[PDB]
Amino acid sequence: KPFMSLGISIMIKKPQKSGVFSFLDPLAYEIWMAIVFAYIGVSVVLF
Amino acid sequence: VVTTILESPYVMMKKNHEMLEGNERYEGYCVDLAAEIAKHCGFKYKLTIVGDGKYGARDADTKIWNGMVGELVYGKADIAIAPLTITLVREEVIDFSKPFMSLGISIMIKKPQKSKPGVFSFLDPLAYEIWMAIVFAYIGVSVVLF
Amino acid sequence: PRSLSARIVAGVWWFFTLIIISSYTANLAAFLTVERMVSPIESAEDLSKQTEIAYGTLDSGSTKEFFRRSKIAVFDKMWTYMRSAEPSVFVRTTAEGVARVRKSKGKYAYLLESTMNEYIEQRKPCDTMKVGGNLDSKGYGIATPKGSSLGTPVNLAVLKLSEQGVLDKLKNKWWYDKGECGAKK
Amino acid sequence: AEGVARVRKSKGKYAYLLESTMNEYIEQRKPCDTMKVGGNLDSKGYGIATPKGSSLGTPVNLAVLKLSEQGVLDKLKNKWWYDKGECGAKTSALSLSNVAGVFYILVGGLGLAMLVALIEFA
Amino acid sequence: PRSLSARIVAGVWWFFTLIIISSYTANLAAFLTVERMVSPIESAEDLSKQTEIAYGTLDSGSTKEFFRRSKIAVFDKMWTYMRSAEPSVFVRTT
Amino acid sequence: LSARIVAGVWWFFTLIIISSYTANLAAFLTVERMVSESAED
Ligand SMILES: C=C(C)[C@H]1CN[C@H](C(=O)O)[C@H]1CC(=O)O
Ligand SMILES: C=C(C)[C@H]1CN[C@H](C(=O)O)[C@H]1CC(=O)O
C-alpha cells in the first residue's frame, strides 16, 4: 500500500521580487528624465 | 455478489427506481465503477445494499464483524465496492486493492460573513507601521521647516 | 514670502503624501476587487486551542477511530476534547452532521473525509466549505475476502482504470460536473 | 538535477514535468527560484516492492499501513523535506518599504535643504 | 495664516476628504474591474446548476425536445432540473 | 496671460501624471492580491 501519495506536476521558474527606488519604479526612472526635464523646462520658461 | 451502501454520490436510488429492477435501479460513482471492473474481469454481477447498513467494524466483546467487511469475511458477499476506507484493522481480515480514490480527513465549516471593518480596517491600506512612520515623518518635516 | 528650502521640502513632502495616497487607493481598490477574507479556522490547531467553536466526527467510522488511535499532540488533544464534550458532539449520519453545521449557526464544525466534504460543498444552498489541507493521506479501495480469486483481477483493474484517467473523469462526473457551485450589487 | 538545472539555466524558457514529491523538495532548495504550479495531473503513489509470492510481502504491507496510521510517515517527510528547507521559513498584503524609501529620500531633502540654508546664511 | 486651531482643522479635513476620494476612486475602479469579466454562459451551464434563478423553455416545441433527447452532460442536467422543478418552469407561448 | 496658461497646462500635466501613477499602482496591488490554474496551458 502507498507509503507516500503523489502525482505528476509542473515545475516552473518564478523570479524573486525585491525602497525609494521601488516607489520610483512605477515612474519607471523616466519621470526623472521626462517630468524633470519638463520641470526645469517650465521653470526656465517662467524664468 | 457485489455489496455496497447507499451514500451520495457513490450509490443513489434513481427517481424512477420503483418501476426498475436489477442493477438498473441504482446509480452513482460506485455503479459505473462496478460496471467497469466487471467488464474488465468479464463476469455478471448483482448489486446488493449491505444489510445492517454499516461499514466494517469488529465489536470488542463479541468479536463479530458487521457491515460489508463482515459480509465478506462471513461469505455473505463476494466483493465490496463502496467508499470504504483502507485501514489496518480492515486489511487484516480482508484484502484491499490499490486505492481508486485518494482522500484525507478535512474540516467542513460554514462560510463566515465578513465582520464590519470599523476604525482599524480602513487603516489597513496604510499600515499601522506606516501610520507610525508617516507620523514620524510628519513631525520630522515640521521640525525642519521649524 | 517664498523660501526655496521650505519650497523644496514642501515639494518632496507633497510627492511623499502623493505616493502614500496613491498606495492607499491602490490597496483599497485591491481589497474591494478581490475581497479575500481571512479563514475563521485555518490551521487544524485552531480547533484544539479554542473551546468556543465545537468540532466533531461521526459516531462510527475510520475518522473517529483515527482520533481514537492517535498519538499526535493536536489530534490527541482534539480527541480528548471530543470524548469529554457535552452535549453530544458526535453524529449518526453525514447528512445529520451537515444539517448540524447549517443549523448550528456556525457553532459546529464537522470533521469529515475530503470526498464527501467536496461533494456537499457542491450542494445547495452552498453555505458550507472545506478549510485547510487534509489531516492525513488515505484512500478508498475495492475489498475482497482473504484469498479470493477476484483479488488479482480487481487489483489490476483499478490500476488500469486509474492510469487511463477514467477514475478522474468519473469523479468529475459525479462531483464537479453536476455540481451546483462550480469554479468556486 | 538535469531538469532542474535546465529550468534554472533556461531563463524561464523551460518547464520541467516531474513527480510532485521531488518538486516539493526542490522548491525548498537554494537559489530558490523554482516552484510547483497547479494541481497534480494524476494520483499515484510509492510502494515497497517484493518478489511475487515472497514471504516478506504481507508483513511489510501491514507494516506500511501500521506506520501510516500512527503518522510516522508524515513526520518523516516533514523531517526530510520541510525541516531543513533553506528557502521556506510575516505574510501580509502591505509592506511599508515600498512607501518607506521616500522617508529616506525625504531625509536626504531635509539634510540637503538644511545644509544649503546653512551655507546661505554663512 | 498660521492659526493653529483652524490649521489642524484644515489638515484633518484634508486627510478626511483625501481618504474619502481615495475610497471612491478605489471602489469605482473595482466596480469597473468587475463589470467586464466573463458572464456565465458555459458557466450559465454551471448557472443552470445553480438553483436560485429559475430557467425554462416552451411547454412544447423543438427546444424542449432538444433538452429531452439530449445526451450532453449539461443539457441533460438542465432537463433533469426542469422536468422536476417546483413550481413549473415551462411556458405556453413566447 | 502667458505664465498663467503655462502654470495651468502644467497643472493638468502633473495631474494626468499622478493619475496615471495612481491607476498603475492600483493595477499593481490588485495584481498582488490576484494569483498567477489549469495544467493544460
Ligand atoms: C460514511 C461513512 C459512515 C463511512 C464512509 N467512509 C468512512 C469509513 O470508511 O470509515 C466513513 C466516514 C467516516 O468515518 O467519517
Ligand atoms: C415559435 C415557436 C413556438 C416554434 C417555432 N419553432 C419551434 C418548433 O419548431 O417547435 C418552436 C419554438 C421552440 O420550440 O423553441
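Taken together, the values in this text are just the output of simple stated rules run on the coordinates, not laboratory data. FYI the Cβ positions are ideal-geometry reconstructions off the backbone, even for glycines, and counts take in every protein chain you see.
Per-structure values
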| quantity | calculated |
| --- | --- |
| Cross-chain or 6+ apart pairs with Cβ under 9 Å, segment B:40-61 first and of a type in the set (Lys, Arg), then more than 13 Å from ligand 1 (Cβ to nearest atom) and part of a loop (DSSP other than H, G, I, E, B) | B:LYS46/B:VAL1; B:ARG58/B:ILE64; B:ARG58/B:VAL93 |
| Number of the condition not met by D:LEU67 [criteria: (1) surrounded by fewer than 17 Cβ atoms within 10 Å (Cβ to Cβ); (2) at the interface with chain A (Cβ under 10 Å from one of its Cβ atoms); (3) not in a helix (DSSP H, G or I)] | (3) |
| Residues of segment C:77-102 classified as more than 29 Å from B:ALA82 (Cα to Cα) and not small (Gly, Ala, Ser), total | 5 |
| Test: D:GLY45 is touching a strand residue (DSSP E or B) at 6+ places or on another chain (Cβ under 7 Å) and either basic (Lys, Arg) or surrounded by fewer than 16 Cβ atoms within 10 Å (Cβ to Cβ) (or both) | no |
| In segment B:55-72, the residues that are closer than 21 Å to C:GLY147 by Cβ and part of a loop (DSSP other than H, G, I, E, B) | B:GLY56, B:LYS63, B:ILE64 |
| Residue that is farthest from E:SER43 (Cα to Cα) [pool: residues in segment C:170-185 that are exposed (fewer than 12 other Cβ atoms within 10 Å of the Cβ) and under 23 Å from the mean Cα position of the chain (by Cα)] | C:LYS184 |
| One residue from D:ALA113, D:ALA117 being under 21 Å from C:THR17 (Cα atoms) and of a type in the set (A, V, I, L, M) | D:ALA113 |
| Residue satisfying all of: in segment B:42-62; surrounded by 11 or more Cβ atoms within 10 Å (Cβ to Cβ) and among the β-branched types (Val, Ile, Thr); farthest from B:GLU7 (Cα to Cα) among these | B:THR48 |
| Residue pairs meeting the criteria (Cβ under 9 Å; at least 6 apart or on separate chains; first at the interface with another protein chain (Cβ under 7 Å from one of its Cβ atoms), in segment B:70-83; second of a type in the set (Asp, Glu) and in a loop (DSSP other than H, G, I, E, B)) | B:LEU72/B:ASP78 |
| Filtered residues of segment E:45-61 (kept if more than 16 Å from ligand 2 (Cβ to nearest atom) and not basic (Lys, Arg)) | E:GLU45, E:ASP46, E:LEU47, E:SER48, E:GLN50, E:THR51, E:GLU52, E:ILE53, E:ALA54 |
| Sole exception among (1) touching a helix residue (DSSP H, G or I) at 6+ places or on another chain (Cβ under 6 Å); (2) more than 9 Å from chain C (Cβ to nearest Cβ); (3) farther than 18 Å from B:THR85 by Cβ for B:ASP32, by number | (2) |
| Residue that is nearest to the chain's Cα centre (by Cα) [pool: residues in segment C:35-72 that are within 16 Å of ligand 1 (Cβ to nearest atom) and of a type in the set (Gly, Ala, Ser)] | C:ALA44 |
| Some residue of segment D:4-23 being on the phi > 0 side of the Ramachandran plot and within 7 Å of another protein chain (Cβ to nearest Cβ) | yes |
| Given (1) assigned to a helix (DSSP H, G or I); (2) within 23 Å of C:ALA183 (Cα to Cα); (3) not polar (S, T, N, Q), number of the condition E:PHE67 does not satisfy | (2) |
| Index of the failed condition, B:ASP52 passing every other in (1) assigned to a loop (DSSP other than H, G, I, E, B); (2) within 18 Å of the chain's Cα centre (by Cα) | (2) |
| Selection count where residues are facing chain B (nearest Cβ under 7 Å) and either surrounded by fewer than 16 Cβ atoms within 10 Å (Cβ to Cβ) or under 18 Å from A:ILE8 (Cα atoms) (or both), scope segment C:141-165 | 5 |
| Near pairs, Cβ below 6 angstrom, 6+ apart or cross-chain, from segment D:65-93 (under 26 Å from D:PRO31 (Cβ atoms)) to any residue that is of a type in the set (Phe, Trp, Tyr) and surrounded by 13 or more Cβ atoms within 10 Å (Cβ to Cβ) | D:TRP81/D:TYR25 |
| Breaking point among (1) surrounded by fewer than 17 Cβ atoms within 10 Å (Cβ to Cβ); (2) within 14 Å of chain D (Cβ to nearest Cβ); (3) under 17 Å from the mean Cα position of the chain (by Cα), for A:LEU27 | (1) |
| Segment E:73-94 - residue that is closer than 19 Å to C:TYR176 by Cβ and hydroxyl-bearing (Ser, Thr, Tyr) and, of those, farthest from the chain's Cα centre (by Cα) | E:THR80 |
| Evaluation of C:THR128 against (1) facing another protein chain (nearest Cβ under 8 Å); (2) surrounded by fewer than 16 Cβ atoms within 10 Å (Cβ to Cβ); (3) of a type in the set (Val, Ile, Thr) (one fails), failing number | (2) |
| Which numbered condition C:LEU112 misses (of (1) surrounded by fewer than 19 Cβ atoms within 10 Å (Cβ to Cβ); (2) touching a strand residue (DSSP E or B) at 6+ places or on another chain (Cβ under 9 Å); (3) not in a loop (DSSP other than H, G, I, E, B)) | (1) |
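Condition check ((1) surrounded by 13 or more Cβ atoms within 10 Å (Cβ to Cβ); (2) more than 16 Å from ligand 2 (Cβ to nearest atom); (3) farther than 20 Å from F:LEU25 by Cα) across all residues:
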site: E:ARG7; (1), (2), (3): no, yes, yes
site: E:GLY11; (1), (2), (3): no, yes, yes
site: E:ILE19; (1), (2), (3): yes, yes, no
site: E:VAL38; (1), (2), (3): no, yes, yes
site: E:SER43; (1), (2), (3): yes, yes, yes
site: E:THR63; (1), (2), (3): no, no, yes
site: E:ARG68; (1), (2), (3): yes, no, yes
